[PDB]
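For reference, positions follow the sequence shown, starting with 1. Every number for a ligand or one of its atoms is a count from 1 in the order of the listing.
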Amino acid sequence: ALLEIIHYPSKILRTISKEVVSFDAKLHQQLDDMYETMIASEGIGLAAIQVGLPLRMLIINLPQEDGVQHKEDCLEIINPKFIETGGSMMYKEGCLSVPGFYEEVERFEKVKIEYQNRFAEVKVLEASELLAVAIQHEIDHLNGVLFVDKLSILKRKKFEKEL
Ligand SMILES: CCCCC[C@H](CC(=O)NO)C(=O)N[C@H](C(=O)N1CCC[C@H]1CO)C(C)C
Ligand SMILES: [Co+2]
């Protein structure tokens, strides 16, 4: 099913999402609907709160060389925790919950996270570049944070301007 994406300035997006404890058919149904919604919206990631589900789960699917997203490359990341973070990097981001606005955000250049997949299997993943940025963007959503919150004095005025 295609789900409605929640947009700024909805206070729903400030929710702190809750850990997933039951890795069952309902979770898989929710993840499938998130994937459908993310692809239909031409995103490369999506956090559950963006479709109104305050659960600590997110998906990421970066496109290949043919510029398309293959479902087999999708990461389903549940109850993630940062283990290591390193360096800094600027990246120009937009967000499905803040549509039409793009700005450079300072992110960690490299991260390592631990999380569970849809079968409750524990994973450790190291990431850099776009994958690291996507991980950080989506985890921020689980904590009620939007990328616009991370902008400077100046770049925030540019946000209010384009608003
Ligand atoms: C880059 C880190 C965040 C990526 C995830 C977001 C989707 C989102 O809001 N998830 O919470 C996205 O797909 N954003 C796209 C985006 O910002 N992109 C797509 C490729 C790289 C970057 C633009 O530099 C826009 C165009 C919809
Ligand atoms: Co977003």
message: I need the nearest protein heavy-atom contact for atom 2 (C) of ligand 1: residue, atom name and distance, please.
response: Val133 CG1, 3.7 Å
Any N/O pair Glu42/ligand 1 closer than 3.5 Å: no
Which residue and heavy atom of the protein sit nearest atom 17 (O) of ligand 1, plus the separation: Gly94 N, 2.8 Å
- prompt: Based purely on interatomic distance, does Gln50 place a nitrogen or oxygen under 3.5 Å from a nitrogen or oxygen of ligand 1?
  reply: yes
message: Testing the basics here: between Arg107 and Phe147, what is the closest heavy-atom pair and its distance to 0.1 Å?
response: NH2-CB, 3.9 Å
- prompt: Going from CG on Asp140 to CG on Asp149, what distance comes out if it is rounded to the nearest 0.5 angstrom?
  reply: 8.0 Å
field: Separation between CD of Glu84 and CD1 of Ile113, rounded to the nearest 0.5 Å
entry: 12.5 Å
task: With heavy atoms under 4.0 Å as the rule, classify the contact between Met38 and ligand 1 as side chain, backbone, both or neither.
output: neither
Atom 23 (C) of ligand 1 [closest protein heavy-atom partner, distance rounded to 0.1 Å]: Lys92 O, 3.4 Å
Polar proximity ligand 1 side, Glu138 side, N/O cut 3.5 Å exclusive: yes
- request: Compute the angle centred on the Co ion (ligand 2) spanning NE2 of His137 and NE2 of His141, and express it rounded to 10 degrees.
  value: 100°
Residue selection (non-hydrogen contact nearest atom 9 (O) of ligand 1) among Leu96, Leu130, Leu131, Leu142: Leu96
query: Is the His28 ring parallel, tilted or perpendicular to the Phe119 ring (thresholds 30°, 60°)?
result: perpendicular
- prompt: Is there a protein heavy atom at a distance of less than 4.0 Å from atom 11 (O) of ligand 1?
  reply: yes
